[PDB]
Every structure is written in C-alpha cells, then in structure tokens.
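Enquirer: Okay, so here is structure_8.txt, and as you'll see once you scroll down, it has compact mmCIF, C-alpha atoms.
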```txt
# COMPACT_ATOMS: atom_id res chain seq x y z
CA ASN A 953 1.23 3.25 9.51
CA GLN A 954 2.37 0.43 11.79
CA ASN A 955 -0.23 -1.96 10.38
CA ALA A 956 0.70 -1.07 6.80
CA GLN A 957 4.42 -1.45 7.52
CA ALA A 958 3.86 -4.85 9.14
CA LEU A 959 1.76 -6.07 6.21
CA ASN A 960 4.30 -4.81 3.67
CA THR A 961 7.18 -6.43 5.57
CA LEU A 962 5.29 -9.72 5.72
CA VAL A 963 4.73 -9.47 1.96
CA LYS A 964 8.40 -8.85 1.16
CA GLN A 965 9.44 -11.68 3.48
CA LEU A 966 7.97 -14.08 0.91
CA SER A 967 11.02 -13.35 -1.28
CA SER A 968 13.51 -14.13 1.52
CA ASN A 969 15.93 -16.90 0.62
CA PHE A 970 16.36 -18.38 4.12
CA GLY A 971 19.61 -19.96 2.94
CA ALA A 972 18.04 -21.89 0.06
CA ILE A 973 19.29 -22.04 -3.51
CA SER A 974 16.36 -19.86 -4.63
CA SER A 975 13.41 -18.02 -3.12
CA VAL A 976 10.89 -19.42 -5.64
CA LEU A 977 9.54 -22.95 -5.30
CA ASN A 978 8.98 -23.33 -9.05
CA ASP A 979 12.61 -22.42 -9.81
CA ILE A 980 13.82 -24.95 -7.23
CA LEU A 981 11.65 -27.70 -8.71
CA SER A 982 12.68 -26.91 -12.29
CA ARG A 983 16.43 -26.58 -11.70
CA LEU A 984 16.71 -29.08 -8.82
CA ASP A 985 15.18 -32.52 -8.41
CA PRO A 986 12.21 -32.88 -6.02
CA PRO A 987 13.60 -35.47 -3.57
CA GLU A 988 16.78 -33.56 -2.69
CA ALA A 989 14.90 -30.24 -2.74
CA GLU A 990 12.73 -31.54 0.12
CA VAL A 991 15.15 -30.18 2.73
CA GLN A 992 15.20 -26.72 1.13
CA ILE A 993 11.40 -26.67 0.88
CA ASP A 994 11.08 -27.73 4.52
CA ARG A 995 13.49 -24.99 5.63
CA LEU A 996 11.62 -22.36 3.60
CA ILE A 997 8.28 -23.50 5.05
CA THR A 998 9.73 -23.38 8.57
CA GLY A 999 11.03 -19.86 8.02
CA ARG A 1000 7.70 -18.68 6.62
CA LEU A 1001 5.87 -20.29 9.54
CA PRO B 807 -24.87 16.91 10.75
CA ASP B 808 -25.74 19.16 7.82
CA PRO B 809 -29.23 18.25 6.51
CA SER B 810 -28.44 19.68 3.06
CA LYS B 811 -25.42 17.46 2.39
CA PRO B 812 -26.46 13.98 1.19
CA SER B 813 -23.93 12.39 3.58
CA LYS B 814 -24.61 12.89 7.30
CA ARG B 815 -21.04 13.84 8.19
CA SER B 816 -20.25 16.62 10.65
CA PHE B 817 -18.19 19.66 9.68
CA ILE B 818 -15.39 18.58 12.03
CA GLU B 819 -14.94 15.28 10.19
CA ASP B 820 -14.92 17.11 6.86
CA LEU B 821 -12.15 19.43 8.07
CA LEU B 822 -10.21 16.47 9.47
CA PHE B 823 -10.37 14.76 6.07
CA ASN B 824 -9.46 17.99 4.24
CA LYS B 825 -6.41 18.76 6.43
CA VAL B 826 -4.54 15.79 4.86
CA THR B 827 -2.49 16.16 1.69
CA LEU B 828 -4.75 15.19 -1.24
CA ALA B 829 -4.34 15.32 -5.04
CA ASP B 830 -5.84 17.71 -7.67
CA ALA B 831 -5.11 15.62 -10.80
CA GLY B 832 -8.65 14.70 -11.81
CA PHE B 833 -12.15 14.84 -10.28
CA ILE B 834 -12.80 14.52 -6.52
CA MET B 835 -15.93 12.37 -6.53
CA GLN B 836 -15.65 9.92 -3.61
CA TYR B 837 -11.83 9.82 -2.84
CA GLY B 838 -11.71 7.43 0.11
CA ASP B 839 -14.76 6.22 2.04
CA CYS B 840 -12.97 4.19 4.74
CA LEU B 841 -9.29 5.14 4.79
CA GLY B 842 -7.90 6.98 7.80
CA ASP B 843 -8.00 10.53 6.20
CA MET B 844 -6.19 9.79 2.89
CA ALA B 845 -7.00 9.04 -0.81
CA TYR B 846 -5.31 6.04 -2.43
CA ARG B 847 -5.46 3.75 -5.47
CA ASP B 848 -7.89 0.84 -6.21
CA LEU B 849 -9.59 -1.39 -3.60
CA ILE B 850 -8.03 -4.20 -1.56
CA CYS B 851 -8.26 -6.50 -4.58
CA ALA B 852 -5.55 -4.31 -6.20
CA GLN B 853 -3.24 -4.96 -3.19
CA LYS B 854 -4.36 -8.61 -2.84
CA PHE B 855 -1.83 -10.51 -4.93
CA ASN B 856 -1.30 -13.26 -2.26
CA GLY B 857 -4.83 -13.43 -0.85
CA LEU B 858 -4.23 -10.87 1.92
CA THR B 859 -7.97 -10.36 2.24
CA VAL B 860 -9.18 -7.46 4.39
CA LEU B 861 -12.55 -8.31 5.90
CA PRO B 862 -14.84 -5.24 5.88
CA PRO B 863 -15.76 -3.83 9.30
CA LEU B 864 -19.13 -4.93 10.64
CA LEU B 865 -20.04 -1.32 11.48
CA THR B 866 -20.04 1.27 8.70
CA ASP B 867 -18.96 4.88 9.14
CA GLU B 868 -22.53 6.04 8.49
CA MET B 869 -23.78 3.95 11.42
CA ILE B 870 -21.05 5.33 13.69
CA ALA B 871 -22.01 8.87 12.66
CA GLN B 872 -25.69 8.12 13.32
CA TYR B 873 -24.84 6.77 16.78
CA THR B 874 -22.76 9.87 17.54
CA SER B 875 -25.55 12.19 16.34
CA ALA B 876 -28.14 10.31 18.42
CA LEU B 877 -25.98 10.49 21.55
CA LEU B 878 -25.31 14.19 20.98
CA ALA B 879 -29.03 14.92 20.45
CA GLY B 880 -29.94 12.99 23.60
CA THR B 881 -27.36 14.95 25.56
CA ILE B 882 -28.70 18.28 24.27
CA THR B 883 -32.36 17.36 24.77
CA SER B 884 -32.48 14.49 27.29
CA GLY B 885 -29.29 15.39 29.15
CA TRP B 886 -28.00 12.47 31.19
CA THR B 887 -31.49 11.08 31.90
CA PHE B 888 -31.55 8.87 28.78
CA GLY B 889 -28.39 7.03 29.85
CA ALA B 890 -29.94 6.21 33.23
CA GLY B 891 -33.36 5.25 31.86
CA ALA B 892 -36.12 6.79 29.78
CA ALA B 893 -35.20 10.06 28.11
CA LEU B 894 -36.51 13.20 29.84
CA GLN B 895 -36.68 16.35 27.73
CA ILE B 896 -35.33 19.52 29.34
CA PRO B 897 -34.11 22.88 27.95
CA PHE B 898 -30.37 23.06 27.35
CA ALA B 899 -30.15 26.33 29.26
CA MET B 900 -31.51 24.44 32.30
CA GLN B 901 -29.05 21.56 31.81
CA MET B 902 -25.97 23.70 32.49
CA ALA B 903 -27.66 24.99 35.66
CA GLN C 563 11.44 -1.00 -20.13
CA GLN C 564 10.60 -4.71 -20.38
CA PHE C 565 9.20 -5.84 -17.01
CA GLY C 566 7.34 -4.16 -14.17
CA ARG C 567 7.16 -4.65 -10.42
CA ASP C 568 4.93 -3.50 -7.56
CA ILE C 569 4.99 -2.90 -3.81
CA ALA C 570 3.87 -6.53 -3.49
CA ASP C 571 7.17 -7.67 -5.09
CA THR C 572 5.16 -9.37 -7.84
CA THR C 573 5.12 -8.66 -11.57
CA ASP C 574 2.43 -6.13 -12.48
CA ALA C 575 3.37 -4.61 -15.86
CA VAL C 576 4.73 -6.68 -18.76
CA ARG C 577 5.46 -6.02 -22.44
CA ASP C 578 4.33 -8.30 -25.25
CA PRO C 579 7.34 -9.22 -27.44
CA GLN C 580 5.13 -9.49 -30.53
CA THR C 581 3.57 -6.01 -30.42
CA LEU C 582 4.33 -2.96 -28.28
CA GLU C 583 1.55 -3.13 -25.69
CA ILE C 584 1.13 -3.07 -21.92
CA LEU C 585 -0.88 -5.81 -20.20
CA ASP C 586 -1.74 -5.47 -16.51
CA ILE C 587 -1.73 -8.35 -14.01
CA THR C 588 -4.43 -8.86 -11.39
CA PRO C 589 -5.93 -11.95 -9.71
CA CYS C 590 -9.62 -12.73 -10.00
CA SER C 591 -10.80 -14.24 -6.70
CA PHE C 592 -8.10 -16.15 -4.77
CA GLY C 593 -11.05 -17.89 -3.10
CA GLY C 594 -12.95 -17.39 0.14
CA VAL C 595 -16.11 -19.09 1.41
CA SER C 596 -18.33 -18.37 4.42
CA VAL C 597 -21.31 -20.44 5.57
CA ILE C 598 -24.30 -19.00 7.44
CA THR C 599 -26.32 -21.52 9.44
CA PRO C 600 -29.27 -20.81 11.76
CA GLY C 601 -30.21 -22.93 14.74
CA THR C 602 -30.23 -26.60 13.77
CA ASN C 603 -33.24 -27.25 16.02
CA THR C 604 -35.49 -25.03 13.90
CA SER C 605 -34.09 -25.60 10.39
CA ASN C 606 -30.97 -26.91 8.67
CA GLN C 607 -30.94 -24.69 5.55
CA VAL C 608 -27.62 -22.90 5.02
CA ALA C 609 -26.41 -19.94 2.96
CA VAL C 610 -23.11 -19.69 1.08
CA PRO D 25 49.44 18.82 -10.55
CA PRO D 26 45.94 17.30 -10.73
CA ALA D 27 43.07 19.78 -10.42
CA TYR D 28 40.30 18.50 -8.16
CA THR D 29 36.74 19.76 -8.59
CA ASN D 30 33.27 18.98 -7.24
CA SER D 31 31.42 16.24 -9.12
CA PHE D 32 27.86 17.24 -10.06
CA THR D 33 24.91 14.88 -9.52
CA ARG D 34 25.14 13.72 -13.15
CA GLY D 35 25.98 10.06 -13.64
CA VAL D 36 22.92 8.10 -12.46
CA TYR D 37 21.45 5.16 -14.35
CA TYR D 38 18.65 2.64 -13.88
CA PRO D 39 19.92 -0.53 -12.15
CA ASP D 40 17.57 -2.63 -14.31
CA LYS D 41 14.47 -2.41 -16.53
CA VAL D 42 12.02 -2.76 -13.63
CA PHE D 43 9.20 -0.20 -13.66
CA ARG D 44 8.27 1.73 -10.52
CA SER D 45 6.30 4.85 -9.66
CA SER D 46 5.90 6.95 -6.51
CA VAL D 47 8.00 4.44 -4.54
CA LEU D 48 11.52 4.98 -3.21
CA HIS D 49 13.86 2.13 -4.14
CA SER D 50 17.26 1.41 -2.63
CA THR D 51 20.01 -0.10 -4.77
CA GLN D 52 23.51 -1.20 -3.74
CA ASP D 53 25.58 -1.30 -6.93
CA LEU D 54 28.57 0.38 -8.54
CA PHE D 55 27.33 3.96 -8.91
CA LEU D 56 28.89 7.43 -9.06
CA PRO D 57 29.10 9.04 -5.60
CA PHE D 58 27.46 12.45 -5.38
CA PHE D 59 29.54 15.57 -4.70
CA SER D 60 32.76 13.54 -4.95
CA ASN D 61 36.10 15.03 -5.94
CA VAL D 62 37.12 14.43 -9.57
CA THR D 63 40.42 15.28 -11.26
CA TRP D 64 40.04 17.40 -14.41
CA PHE D 65 42.55 17.08 -17.25
CA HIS D 66 44.04 19.85 -19.38
CA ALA D 67 44.48 20.30 -23.13
CA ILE D 68 47.14 22.47 -24.79
CA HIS D 69 48.33 22.90 -28.37
CA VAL D 70 51.79 24.43 -27.72
CA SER D 71 54.21 22.61 -25.42
CA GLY D 72 57.87 21.67 -25.06
CA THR D 73 59.06 24.16 -22.43
```
Before anything else, please render the file you have as structure tokens.

Expert:
Amino acid sequence: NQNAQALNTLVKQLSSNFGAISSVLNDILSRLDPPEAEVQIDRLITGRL
Amino acid sequence: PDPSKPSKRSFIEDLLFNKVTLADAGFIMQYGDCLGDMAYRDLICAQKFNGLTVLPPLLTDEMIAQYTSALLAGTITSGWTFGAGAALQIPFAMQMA
Amino acid sequence: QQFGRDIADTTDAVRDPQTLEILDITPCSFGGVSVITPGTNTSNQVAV
Amino acid sequence: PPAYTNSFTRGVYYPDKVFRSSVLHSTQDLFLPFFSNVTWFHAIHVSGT
C-alpha cells in the first residue's frame, strides 16, 4: 500500500503547477513565447527534480 | 505441495490468496500471478502512461515455492544434517527425539 | 460524457465527434533497452 | 414563521464530464450540503384574515 501510494502521488505531482502559468509544457509554449517561458520551464524542472 | 494440482502451491498459500476480497463477475482463470493476494486489471503496461516501468523480479514464485518445498523435505528427511553438510536420512520420529 | 480520465491523471477515454464511439488510449512501448555482454577477453558479441 | 426541515441527500450533480469508475473523487465546488436545514413555503387559496 505504501509503495502504491508513493507511486500514485509521484504520478499526480506531474500536474502540479509549482507557481507557473500552466502545468503543461505544450500549453506554455503555445500560449507563451519560448524565451520568456524559460524561467517557468526551469522552475517546473527544478520542482520535478 | 499437492501433486494433483498443476501448480505446486501449498494449501496455506491458497487459503491466504482466498481470504482476500475477490470478484465473481466473470471466470476465475488466473486472477493474479504476482500481486500480493489481490486480483486487479491489466498488466503494468496498462498503468504505464509515463514509462513507470516495473522490472520483473529475478526469482519467480514457482522457484520460491520449489526452494521452500526442498528445504521442508530436507528438514523432514535429512533434519539439520543437510544444512551442515551432506544430507543424512533419518526417520522423522527419531528427529524429534 | 465527452472526455475520460484515469488514476494516472491522463486522458484514457475519448468520444469521436463524427460518430458516437469510444476509443481507448494506451502507449505502445515508451522504450527500454538492455545490453548483455560476456567477458571481453573471450568474445565481444553482444545481445540486445 | 418559516418552517425548517431536514434536507434530503438529493441535489448532487457531476462537476464536469470526466469519466471515472471505482475511484473516489473529491471536488470543492458550490454544492448542496447534506442534511442541511431548508425553509419550506406554504400555499393557500383563501386568505385576507
């Protein structure tokens, strides 16, 4: 049960915003320009790491 | 192990598996060969939507059961002699003595 | 119902706007490679 | 005066069109509280006294 709960929590954490405009990289790229989105992408990567 | 059953699984393991809440909607053919006493949906590929691969264990349950049966048979027949060297047959009634 | 979800928080069931049908979603491989190599002194053949 | 009465469990609706099965889902949205007190109105044909 603990292993399953940890795996499930790790899976749902992928959808965490971490203070960004959106939790999906594709949405960020489409709505927002790449160069300014670099900070948001870096923050999301840091949170996931 | 029961010689008649195709799978060499002891009665205790069968009861342990049975004591968990299972489902009756359909046919009980295999219903979980590795799960820890439950019956679930499709294999890890069903749950792997982000590449969360689950590497199969090196040792299979059949091998673990064979090891347990061999150790139990050695204990009944060879007693503790096989663990300290070559197996030495001896009646069980004389082992408890 | 139009869209579907799953415990993985990823779309699983969808509805085709053209015709009323249900199409499931599942990945094929996602990729994973292992290499088996014996002792290089004897031979260098490898298995994928 | 207003007549208060127990509010039955009726009044639930799907938050969205998402499909789920055999999974409990939490949702924080404007819903009807269960077993809440509700005021029931009255209807009469003769009045004026």

Enquirer: I'd like the neighbourhood of residue 57 of chain D as a list in words, where a residue qualifies if any of its atoms comes within 12 Å (using all atoms listed in the file), though same-chain residues fewer than 6 positions away should be ignored.

Expert: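 My reading of the contact set: residues 30, 31, 32, 33, 34, 35 and 36 of chain D.
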
Enquirer: Okay, now the selection with C-alpha atoms, as a tab-separated table (two decimals), keeping the file's coordinate frame?

Expert:
```tsv
chain	number	residue	atom	x	y	z
D	30	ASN	CA	33.27	18.98	-7.24
D	31	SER	CA	31.42	16.24	-9.12
D	32	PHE	CA	27.86	17.24	-10.06
D	33	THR	CA	24.91	14.88	-9.52
D	34	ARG	CA	25.14	13.72	-13.15
D	35	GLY	CA	25.98	10.06	-13.64
D	36	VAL	CA	22.92	8.10	-12.46
```

Enquirer: Report, in Å with one decimal, the straight-line distance from atom CA of residue 855 of chain B to atom CA of residue 589 of chain C.

Expert: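 That distance, rounded to one decimal, is 6.5 Å.
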
Enquirer: So that each row is one residue of chain B with an atom at most 12 Å from chain C, can you give its shortest atom pair and the distance in Å to one decimal, using all atoms listed in the file, rows by chain and rising number, as CSV?

Expert:
```
residue,atom,partner,partner_atom,distance
B:848,CA,C:588,CA,11.5
B:849,CA,C:588,CA,12.0
B:850,CA,C:589,CA,11.4
B:851,CA,C:589,CA,7.8
B:852,CA,C:588,CA,7.0
B:853,CA,C:570,CA,7.3
B:854,CA,C:589,CA,7.8
B:855,CA,C:589,CA,6.5
B:856,CA,C:592,CA,7.8
B:857,CA,C:592,CA,5.8
B:858,CA,C:592,CA,9.4
B:859,CA,C:594,CA,8.9
B:860,CA,C:594,CA,11.4
B:861,CA,C:594,CA,10.8
```

Enquirer: Please check the contacts: residues of chain C at most 7 Å away from chain D, using all atoms listed in the file, listed as a ChimeraX atom specification.

Expert: /C:563-568

Enquirer: Using atom CA of residue 869 of chain B and atom CA of residue 882 of chain B as the two end points, give the distance in Å to one decimal.

Expert: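 So the two atoms, atom CA of residue 869 of chain B and atom CA of residue 882 of chain B, lie 19.9 Å apart.
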
Enquirer: Please determine, counting only C-alpha atoms, which residue among D:51, D:46, D:66, D:25 has the shortest atom-to-atom distance to chain B.

Expert: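 Ranking D:51, D:46, D:66, D:25 by distance to chain B, first place goes to D:46.
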
Enquirer: What's the separation between atom CA of residue 877 of chain B and atom CA of residue 815 of chain B, in Å to one decimal place?

Expert: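 Computing it gives 14.6 Å between the two atoms.
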
Enquirer: Can you list, as a list in words, every protein, DNA or RNA residue that comes within 12 Å of residue 992 of chain A when you count all atoms listed in the file, leaving out same-chain residues fewer than 4 positions away?

Expert: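 So the residues in contact are residues 969, 970, 971, 972, 973, 974, 975, 976, 977, 980, 981, 984, 985, 986, 987, 988, 996, 997, 998 and 999 of chain A.
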
Enquirer: Generate the coordinates of N, CA and C atoms for segment 575-606 of chain C; report them as a PDB file, in the coordinates of the input.

Expert:
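Here's the written file out24.pdb:
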```pdb
ATOM      1  N   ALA C 575       3.373  -5.071 -14.483  1.00  0.00           N
ATOM      2  CA  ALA C 575       3.370  -4.610 -15.860  1.00  0.00           C
ATOM      3  C   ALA C 575       4.374  -5.416 -16.689  1.00  0.00           C
ATOM      4  N   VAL C 576       3.913  -5.892 -17.846  1.00  0.00           N
ATOM      5  CA  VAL C 576       4.730  -6.680 -18.760  1.00  0.00           C
ATOM      6  C   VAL C 576       4.528  -6.137 -20.174  1.00  0.00           C
ATOM      7  N   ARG C 577       5.474  -6.466 -21.050  1.00  0.00           N
ATOM      8  CA  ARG C 577       5.460  -6.020 -22.440  1.00  0.00           C
ATOM      9  C   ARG C 577       5.392  -7.234 -23.350  1.00  0.00           C
ATOM     10  N   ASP C 578       4.478  -7.199 -24.309  1.00  0.00           N
ATOM     11  CA  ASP C 578       4.330  -8.300 -25.250  1.00  0.00           C
ATOM     12  C   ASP C 578       5.449  -8.244 -26.286  1.00  0.00           C
ATOM     13  N   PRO C 579       6.278  -9.284 -26.424  1.00  0.00           N
ATOM     14  CA  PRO C 579       7.340  -9.220 -27.440  1.00  0.00           C
ATOM     15  C   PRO C 579       6.822  -9.025 -28.851  1.00  0.00           C
ATOM     16  N   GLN C 580       5.661  -9.598 -29.172  1.00  0.00           N
ATOM     17  CA  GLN C 580       5.130  -9.490 -30.530  1.00  0.00           C
ATOM     18  C   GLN C 580       4.855  -8.042 -30.900  1.00  0.00           C
ATOM     19  N   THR C 581       3.964  -7.388 -30.161  1.00  0.00           N
ATOM     20  CA  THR C 581       3.570  -6.010 -30.420  1.00  0.00           C
ATOM     21  C   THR C 581       3.786  -5.164 -29.177  1.00  0.00           C
ATOM     22  N   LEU C 582       4.080  -3.883 -29.383  1.00  0.00           N
ATOM     23  CA  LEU C 582       4.330  -2.960 -28.280  1.00  0.00           C
ATOM     24  C   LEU C 582       3.000  -2.667 -27.589  1.00  0.00           C
ATOM     25  N   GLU C 583       2.764  -3.335 -26.463  1.00  0.00           N
ATOM     26  CA  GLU C 583       1.550  -3.130 -25.690  1.00  0.00           C
ATOM     27  C   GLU C 583       1.841  -3.437 -24.231  1.00  0.00           C
ATOM     28  N   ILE C 584       0.998  -2.899 -23.356  1.00  0.00           N
ATOM     29  CA  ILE C 584       1.130  -3.070 -21.920  1.00  0.00           C
ATOM     30  C   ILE C 584      -0.078  -3.850 -21.425  1.00  0.00           C
ATOM     31  N   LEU C 585       0.171  -4.976 -20.762  1.00  0.00           N
ATOM     32  CA  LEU C 585      -0.880  -5.810 -20.200  1.00  0.00           C
ATOM     33  C   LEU C 585      -0.719  -5.848 -18.683  1.00  0.00           C
ATOM     34  N   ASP C 586      -1.777  -5.485 -17.964  1.00  0.00           N
ATOM     35  CA  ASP C 586      -1.740  -5.470 -16.510  1.00  0.00           C
ATOM     36  C   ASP C 586      -1.956  -6.877 -15.962  1.00  0.00           C
ATOM     37  N   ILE C 587      -1.590  -7.066 -14.696  1.00  0.00           N
ATOM     38  CA  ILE C 587      -1.730  -8.350 -14.010  1.00  0.00           C
ATOM     39  C   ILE C 587      -2.544  -8.128 -12.746  1.00  0.00           C
ATOM     40  N   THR C 588      -3.583  -8.944 -12.577  1.00  0.00           N
ATOM     41  CA  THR C 588      -4.430  -8.860 -11.390  1.00  0.00           C
ATOM     42  C   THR C 588      -5.169 -10.175 -11.180  1.00  0.00           C
ATOM     43  N   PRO C 589      -5.203 -10.703  -9.959  1.00  0.00           N
ATOM     44  CA  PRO C 589      -5.930 -11.950  -9.710  1.00  0.00           C
ATOM     45  C   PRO C 589      -7.434 -11.730  -9.681  1.00  0.00           C
ATOM     46  N   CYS C 590      -8.166 -12.813  -9.946  1.00  0.00           N
ATOM     47  CA  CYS C 590      -9.620 -12.730 -10.000  1.00  0.00           C
ATOM     48  C   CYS C 590     -10.246 -12.830  -8.608  1.00  0.00           C
ATOM     49  N   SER C 591     -10.106 -13.990  -7.963  1.00  0.00           N
ATOM     50  CA  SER C 591     -10.800 -14.240  -6.700  1.00  0.00           C
ATOM     51  C   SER C 591      -9.848 -14.592  -5.561  1.00  0.00           C
ATOM     52  N   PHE C 592      -8.953 -15.553  -5.797  1.00  0.00           N
ATOM     53  CA  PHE C 592      -8.100 -16.150  -4.770  1.00  0.00           C
ATOM     54  C   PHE C 592      -8.901 -16.978  -3.763  1.00  0.00           C
ATOM     55  N   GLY C 593     -10.228 -16.975  -3.869  1.00  0.00           N
ATOM     56  CA  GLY C 593     -11.050 -17.890  -3.100  1.00  0.00           C
ATOM     57  C   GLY C 593     -11.308 -17.476  -1.665  1.00  0.00           C
ATOM     58  N   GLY C 594     -12.575 -17.523  -1.260  1.00  0.00           N
ATOM     59  CA  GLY C 594     -12.950 -17.390   0.140  1.00  0.00           C
ATOM     60  C   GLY C 594     -14.420 -17.681   0.338  1.00  0.00           C
ATOM     61  N   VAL C 595     -14.747 -18.596   1.250  1.00  0.00           N
ATOM     62  CA  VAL C 595     -16.110 -19.090   1.410  1.00  0.00           C
ATOM     63  C   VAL C 595     -16.513 -18.932   2.872  1.00  0.00           C
ATOM     64  N   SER C 596     -17.721 -18.426   3.099  1.00  0.00           N
ATOM     65  CA  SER C 596     -18.330 -18.370   4.420  1.00  0.00           C
ATOM     66  C   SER C 596     -19.694 -19.044   4.368  1.00  0.00           C
ATOM     67  N   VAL C 597     -20.071 -19.675   5.476  1.00  0.00           N
ATOM     68  CA  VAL C 597     -21.310 -20.440   5.570  1.00  0.00           C
ATOM     69  C   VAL C 597     -22.126 -19.844   6.706  1.00  0.00           C
ATOM     70  N   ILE C 598     -23.377 -19.498   6.420  1.00  0.00           N
ATOM     71  CA  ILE C 598     -24.300 -19.000   7.440  1.00  0.00           C
ATOM     72  C   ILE C 598     -25.324 -20.079   7.731  1.00  0.00           C
ATOM     73  N   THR C 599     -25.444 -20.447   9.010  1.00  0.00           N
ATOM     74  CA  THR C 599     -26.320 -21.520   9.440  1.00  0.00           C
ATOM     75  C   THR C 599     -27.136 -21.052  10.640  1.00  0.00           C
ATOM     76  N   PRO C 600     -28.466 -21.096  10.571  1.00  0.00           N
ATOM     77  CA  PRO C 600     -29.270 -20.810  11.760  1.00  0.00           C
ATOM     78  C   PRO C 600     -29.284 -21.993  12.712  1.00  0.00           C
ATOM     79  N   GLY C 601     -30.083 -21.861  13.768  1.00  0.00           N
ATOM     80  CA  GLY C 601     -30.210 -22.930  14.740  1.00  0.00           C
ATOM     81  C   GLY C 601     -30.654 -24.230  14.113  1.00  0.00           C
ATOM     82  N   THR C 602     -29.901 -25.303  14.365  1.00  0.00           N
ATOM     83  CA  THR C 602     -30.230 -26.600  13.770  1.00  0.00           C
ATOM     84  C   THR C 602     -31.557 -27.140  14.279  1.00  0.00           C
ATOM     85  N   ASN C 603     -31.973 -26.759  15.489  1.00  0.00           N
ATOM     86  CA  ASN C 603     -33.240 -27.250  16.020  1.00  0.00           C
ATOM     87  C   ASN C 603     -34.410 -26.804  15.163  1.00  0.00           C
ATOM     88  N   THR C 604     -34.388 -25.552  14.705  1.00  0.00           N
ATOM     89  CA  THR C 604     -35.490 -25.030  13.900  1.00  0.00           C
ATOM     90  C   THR C 604     -35.398 -25.518  12.460  1.00  0.00           C
ATOM     91  N   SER C 605     -34.290 -25.221  11.785  1.00  0.00           N
ATOM     92  CA  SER C 605     -34.090 -25.600  10.390  1.00  0.00           C
ATOM     93  C   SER C 605     -32.611 -25.867  10.151  1.00  0.00           C
ATOM     94  N   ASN C 606     -32.329 -26.549   9.041  1.00  0.00           N
ATOM     95  CA  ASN C 606     -30.970 -26.910   8.670  1.00  0.00           C
ATOM     96  C   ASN C 606     -30.514 -26.261   7.366  1.00  0.00           C
TER      97      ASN C 606
END
```
